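A.B. asks: Sending over a structure as structure tokens; questions will come in a sec.
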Amino acid sequence: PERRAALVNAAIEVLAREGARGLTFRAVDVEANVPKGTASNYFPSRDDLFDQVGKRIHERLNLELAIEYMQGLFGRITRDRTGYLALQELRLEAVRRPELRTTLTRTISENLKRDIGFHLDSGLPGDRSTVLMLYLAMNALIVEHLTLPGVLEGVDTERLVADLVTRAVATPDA
Amino acid sequence: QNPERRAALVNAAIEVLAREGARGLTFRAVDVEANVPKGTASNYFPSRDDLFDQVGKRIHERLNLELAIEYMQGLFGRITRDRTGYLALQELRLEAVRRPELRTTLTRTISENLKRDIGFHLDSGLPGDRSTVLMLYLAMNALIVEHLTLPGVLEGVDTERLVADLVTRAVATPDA
């Protein structure tokens with residue numbers, strides 16, 4: 001129950017450090033808080049291991065307030081480095097493993113549906129494109145920083161995030 | 001026979017990366033995939049470190065408002081054809097965390113290409129600032145990745161309208 005969650009974390013650490021191919025029951029145990037030979041007893045298959053994290057991953061990851069929030073969320077990035085990176089590894093593996101693709105699709109879809117619903121209900125200006133656009137730009141911003149920080153080195157990321165939110169909430173006719 | 005056959009090998013590696021991953025990329029796996037499957041890769045690349053770098057420097061070669069919009073939508077169609085280039089790129093990004101030499105090389109390539117697009121936009125007479133191009137760059141990158149990896153996420157999304165909405169909002173320049 002909780003021992004499983006401890007193992008799911010150990011898997012998330014292994015994905016972020018080593019990769020999808022690196023993720024194995026041997027490596028999960030070594031990384032795990034019970035390194036005896038536990039993993040194979042908690043997960044029927046390596047295929048089901050990826051699935052568990054696939055279902056679990058998002059637990060580890062007035063216009064002024066929306067802005068401040070997004071900027072602060074991009075700040076918490078360096079700590080949650082590991083969660084966003086394992087997520088990236090899961091995305092790539094999802095192309096190769098259909099069961100993971102199904103599971104990761106639902107999780108991300110439902111989470112995105114909730115953010116759209118939250119925003120529409122919040123009274124903030126903006127439509128569905130607002131949330132999709134913010135969802136997409138923020139995702140890529142986080143990935144760029146984590147993988148190639150040098151790319152955004154000359155970038156004022158605080159102003160960028162302010163500009164992005166401020167433009168996204170606008171609803172012109174396209 | 002030297003620079004050209006090397007380009008074939010880089011392609012073989014871009015295919016291997018997209019299909020298998022960064023750990024899956026080895027000289028052995030390249031030859032098997034290569035246009036010359038004998039045992040050519042090791043003689044063209046001093047190290048596995050140096051192979052990643054070659055693709056790292058090469059990768060982007062494989063990957064009026066009405067027009068800008070139209071182009072973006074079209075470019076998001078050319079996505080499925082060059083599925084393999086964008087996926088190898090993703091594999092390169094993640095590998096870049098683990099290999100600083102690749103990180104330096106991929107950083108330069110992406111930075112310079114991004115600098116050119118900012119320069120092009122500013123020169124083009126399109127409305128918009130640096131944020132315009134940065135936010136289009138970012139939204140477009142993530143849109144492409146989502147489609148290639150979890151197509152089901154965007155299934156109920158009108159991606160043509162979304163791209164039109166993205167370009168139209170991005171070019172606006174309000175005070176934030």
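Here, A, B, ... name the chains of the structure tokens in the order displayed, residue numbers run from 1 inside each chain, and ligands are numbered from 1 in the same displayed order.
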Report as a PyMOL selection string the set of chain A residues whose atoms approach chain B to within 7 Å, with distances computed over only C-alpha atoms.

C.D. replies: chain A and resi 21+91-92+94-95+101+105+108-109+129+133+136-137+139-141+147-148+150-151+160+162-164+166-168+170+174

A.B. asks: Keeping N, CA, C and O atoms, export the residues of the selection given above as a compact mmCIF listing (two decimals), in the first residue's frame.

C.D. replies:
```
# COMPACT_ATOMS: atom_id res chain seq x y z
N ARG A 21 14.71 2.34 -20.88
CA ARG A 21 15.46 1.08 -20.99
C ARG A 21 16.21 0.73 -19.71
O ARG A 21 16.34 -0.45 -19.36
N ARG A 91 6.73 9.49 -21.61
CA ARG A 91 6.18 9.91 -22.91
C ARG A 91 6.82 9.16 -24.07
O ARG A 91 6.12 8.63 -24.95
N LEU A 92 8.15 9.10 -24.06
CA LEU A 92 8.90 8.44 -25.13
C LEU A 92 8.68 6.93 -25.14
O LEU A 92 8.54 6.32 -26.20
N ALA A 94 6.03 5.50 -24.05
CA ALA A 94 4.62 5.34 -24.40
C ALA A 94 4.42 5.05 -25.88
O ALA A 94 3.51 4.29 -26.25
N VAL A 95 5.27 5.66 -26.72
CA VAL A 95 5.32 5.35 -28.15
C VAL A 95 5.59 3.86 -28.41
O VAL A 95 5.08 3.31 -29.36
N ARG A 101 0.78 3.95 -22.96
CA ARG A 101 0.20 5.04 -23.74
C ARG A 101 -1.26 5.28 -23.35
O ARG A 101 -1.66 6.43 -23.19
N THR A 105 -2.13 8.66 -21.42
CA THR A 105 -3.18 9.44 -22.10
C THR A 105 -4.34 9.83 -21.16
O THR A 105 -4.67 10.99 -21.06
N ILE A 108 -3.19 12.39 -18.26
CA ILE A 108 -2.93 13.73 -18.79
C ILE A 108 -4.22 14.39 -19.30
O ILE A 108 -4.48 15.56 -19.01
N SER A 109 -5.02 13.63 -20.05
CA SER A 109 -6.34 14.09 -20.51
C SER A 109 -7.26 14.60 -19.41
O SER A 109 -7.87 15.68 -19.53
N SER A 129 -8.72 27.45 -25.67
CA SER A 129 -7.44 27.74 -26.30
C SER A 129 -6.49 28.39 -25.31
O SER A 129 -5.30 28.12 -25.35
N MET A 133 -3.07 26.49 -24.77
CA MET A 133 -1.92 27.30 -25.10
C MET A 133 -0.94 27.46 -23.92
O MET A 133 0.27 27.32 -24.08
N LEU A 136 0.50 23.91 -23.15
CA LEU A 136 1.57 23.61 -24.12
C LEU A 136 2.85 24.43 -23.91
O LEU A 136 3.90 23.86 -23.75
N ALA A 137 2.75 25.76 -23.85
CA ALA A 137 3.94 26.61 -23.66
C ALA A 137 4.68 26.31 -22.35
O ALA A 137 5.90 26.16 -22.35
N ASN A 139 4.60 23.45 -20.61
CA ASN A 139 5.22 22.15 -20.74
C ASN A 139 6.59 22.22 -21.42
O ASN A 139 7.54 21.62 -20.95
N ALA A 140 6.65 22.93 -22.55
CA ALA A 140 7.89 23.09 -23.31
C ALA A 140 8.91 23.96 -22.59
O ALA A 140 10.10 23.72 -22.69
N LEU A 141 8.44 24.98 -21.88
CA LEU A 141 9.31 25.83 -21.07
C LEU A 141 10.04 25.01 -20.02
O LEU A 141 11.27 25.12 -19.87
N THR A 147 16.32 20.37 -19.71
CA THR A 147 17.21 19.62 -20.58
C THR A 147 18.31 20.48 -21.17
O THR A 147 19.48 20.14 -21.05
N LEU A 148 17.94 21.60 -21.76
CA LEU A 148 18.92 22.52 -22.30
C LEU A 148 18.77 23.89 -21.65
O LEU A 148 18.35 24.82 -22.31
N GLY A 150 20.72 26.17 -21.22
CA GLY A 150 21.46 27.20 -21.95
C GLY A 150 20.64 27.90 -23.03
O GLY A 150 21.01 29.00 -23.47
N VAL A 151 19.54 27.28 -23.46
CA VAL A 151 18.76 27.82 -24.57
C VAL A 151 18.02 29.10 -24.14
O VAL A 151 17.86 30.02 -24.92
N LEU A 160 8.53 36.50 -19.71
CA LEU A 160 8.01 35.64 -20.74
C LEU A 160 6.68 35.03 -20.28
O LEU A 160 5.69 35.06 -21.00
N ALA A 162 4.63 36.05 -17.86
CA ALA A 162 3.68 37.15 -17.79
C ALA A 162 3.09 37.50 -19.15
O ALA A 162 1.89 37.68 -19.27
N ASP A 163 3.94 37.60 -20.16
CA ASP A 163 3.48 37.89 -21.52
C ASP A 163 2.57 36.78 -22.07
O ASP A 163 1.55 37.06 -22.73
N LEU A 164 2.95 35.54 -21.79
CA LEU A 164 2.24 34.35 -22.25
C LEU A 164 0.84 34.23 -21.64
O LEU A 164 -0.13 33.99 -22.35
N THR A 166 -0.83 36.70 -20.22
CA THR A 166 -1.54 37.92 -20.63
C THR A 166 -2.06 37.85 -22.05
O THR A 166 -3.11 38.42 -22.35
N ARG A 167 -1.34 37.17 -22.93
CA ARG A 167 -1.78 37.04 -24.32
C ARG A 167 -2.77 35.90 -24.48
O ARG A 167 -3.70 35.98 -25.29
N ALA A 168 -2.57 34.85 -23.69
CA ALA A 168 -3.38 33.64 -23.77
C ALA A 168 -4.83 33.88 -23.36
O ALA A 168 -5.73 33.30 -23.97
N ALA A 170 -6.56 36.55 -23.70
CA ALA A 170 -7.24 37.34 -24.71
C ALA A 170 -7.98 36.41 -25.67
O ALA A 170 -7.53 35.30 -25.92
N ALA A 174 -9.86 34.74 -34.80
CA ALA A 174 -8.64 34.32 -35.50
C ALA A 174 -8.75 34.38 -37.03
O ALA A 174 -7.85 33.93 -37.76
```

A.B. asks: Please give the complete set of residues from segment 17-140 of chain A that DSSP, run on the backbone, assigns to alpha helix (DSSP H), formatted as a ChimeraX atom specification.

C.D. replies: /A:17,25-31,39-42,46-56,63-73,81-94,98-122,128-140

A.B. asks: Excluding same-chain residues fewer than 5 positions from residue 29 of chain B, what lies within 10 Å of it counting only C-alpha atoms, as number ranges by chain?

C.D. replies: B: 12-13, 16-17, 20, 24, 34, 37, 41

A.B. asks: Would you write out those residues with C-alpha atoms, as a PDB file, in the first residue's frame?

C.D. replies:
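Below is the file that was written, result09.pdb:
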```
ATOM      1  CA  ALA B  12      20.798   5.467 -39.642  1.00  0.00           C
ATOM      2  CA  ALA B  13      21.457   6.851 -36.114  1.00  0.00           C
ATOM      3  CA  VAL B  16      17.847   4.089 -34.353  1.00  0.00           C
ATOM      4  CA  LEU B  17      17.255   6.861 -31.804  1.00  0.00           C
ATOM      5  CA  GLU B  20      14.979   2.418 -29.754  1.00  0.00           C
ATOM      6  CA  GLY B  24      19.637   1.712 -27.569  1.00  0.00           C
ATOM      7  CA  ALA B  34      22.818   1.380 -41.834  1.00  0.00           C
ATOM      8  CA  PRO B  37      25.764  -2.867 -42.353  1.00  0.00           C
ATOM      9  CA  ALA B  41      30.114   3.269 -37.663  1.00  0.00           C
TER      10      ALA B  41
END
```

A.B. asks: Which residues are near residue 146 of chain A? Cut-off 9 Å, only C-alpha atoms, ignore same chain within fewer than 3 positions. Put them as a short mmCIF file (atom, residue, chain, number, x, y, z; two decimals) with N, CA, C and O atoms, in the first residue's frame.

C.D. replies:
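Heads up, here's the output in out31.cif:
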```cif
data_model
loop_
_atom_site.label_atom_id
_atom_site.label_comp_id
_atom_site.auth_asym_id
_atom_site.auth_seq_id
_atom_site.Cartn_x
_atom_site.Cartn_y
_atom_site.Cartn_z
N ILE A 77 10.24 23.99 -10.36
CA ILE A 77 10.67 23.11 -11.45
C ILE A 77 11.95 22.34 -11.12
O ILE A 77 12.02 21.14 -11.36
N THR A 78 12.93 23.05 -10.56
CA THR A 78 14.23 22.52 -10.20
C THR A 78 14.14 21.44 -9.11
O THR A 78 14.94 20.51 -9.09
N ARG A 81 12.36 18.54 -10.69
CA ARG A 81 13.23 18.12 -11.80
C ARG A 81 13.00 16.66 -12.17
O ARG A 81 12.74 16.32 -13.32
N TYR A 84 9.35 15.69 -13.63
CA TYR A 84 9.16 16.13 -15.00
C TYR A 84 10.04 15.35 -15.96
O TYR A 84 9.63 15.08 -17.06
N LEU A 85 11.24 14.98 -15.53
CA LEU A 85 12.14 14.20 -16.36
C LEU A 85 11.67 12.74 -16.57
O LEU A 85 11.78 12.22 -17.68
N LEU A 141 8.44 24.98 -21.88
CA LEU A 141 9.31 25.83 -21.07
C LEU A 141 10.04 25.01 -20.02
O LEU A 141 11.27 25.12 -19.87
N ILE A 142 9.28 24.19 -19.30
CA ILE A 142 9.82 23.31 -18.27
C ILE A 142 10.84 22.30 -18.84
O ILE A 142 11.95 22.16 -18.30
N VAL A 143 10.49 21.64 -19.93
CA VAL A 143 11.38 20.70 -20.61
C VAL A 143 12.68 21.37 -21.11
O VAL A 143 13.76 20.81 -20.97
N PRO A 149 19.12 24.02 -20.36
CA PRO A 149 18.96 25.34 -19.73
C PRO A 149 19.64 26.47 -20.50
O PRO A 149 19.21 27.61 -20.42
N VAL B 97 20.94 15.76 -20.82
CA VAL B 97 21.06 15.78 -19.36
C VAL B 97 22.25 14.95 -18.87
O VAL B 97 22.96 15.36 -17.97
#
```

A.B. asks: List the spatial neighbours of residue 131 of chain A as a ChimeraX atom specification - criterion: any atom at most 8 Å away, only C-alpha atoms, same-chain residues fewer than 5 positions off excluded.

C.D. replies: /A:115-116,119,126,168

A.B. asks: Counting only C-alpha atoms, what is within 8 Å of segment 29-46 of chain A, bar same-chain residues fewer than 3 positions away, as a PyMOL selection string?

C.D. replies: chain A and resi 4+6-7+10-11+13-14+24-26+49-50

A.B. asks: By how many Å are atom CA of residue 126 of chain B and atom CA of residue 160 of chain B apart?

C.D. replies: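 Computing it gives 20.1 Å between the two atoms.
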
A.B. asks: Restricting the calculation to only C-alpha atoms: of A:17, A:145, A:55, A:159, which residue gets closest to residue 99 of chain A?

C.D. replies: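 The shortest atom-to-atom distance to residue 99 of chain A comes from A:55.
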
A.B. asks: Name all residues at most 8 Å from residue 127 of chain A (count only C-alpha atoms; drop same-chain ones fewer than 3 positions away) and give them as a PDB file with N, CA and C atoms, in the first residue's frame.

C.D. replies:
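Saved file selection.pdb follows:
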```pdb
ATOM      1  N   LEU A 120     -12.522  27.813 -16.630  1.00  0.00           N
ATOM      2  CA  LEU A 120     -13.823  28.293 -17.056  1.00  0.00           C
ATOM      3  C   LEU A 120     -14.671  28.696 -15.838  1.00  0.00           C
ATOM      4  N   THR A 130      -7.020  29.237 -24.419  1.00  0.00           N
ATOM      5  CA  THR A 130      -6.226  29.857 -23.355  1.00  0.00           C
ATOM      6  C   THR A 130      -5.484  28.793 -22.552  1.00  0.00           C
ATOM      7  N   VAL A 131      -6.226  27.795 -22.090  1.00  0.00           N
ATOM      8  CA  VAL A 131      -5.682  26.748 -21.226  1.00  0.00           C
ATOM      9  C   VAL A 131      -4.776  25.775 -21.978  1.00  0.00           C
ATOM     10  N   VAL A 169      -5.055  34.703 -22.335  1.00  0.00           N
ATOM     11  CA  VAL A 169      -6.410  34.979 -21.841  1.00  0.00           C
ATOM     12  C   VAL A 169      -7.234  35.806 -22.828  1.00  0.00           C
ATOM     13  N   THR A 171      -9.111  36.873 -26.192  1.00  0.00           N
ATOM     14  CA  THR A 171      -9.939  36.056 -27.075  1.00  0.00           C
ATOM     15  C   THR A 171     -10.334  36.779 -28.373  1.00  0.00           C
TER      16      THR A 171
END
```
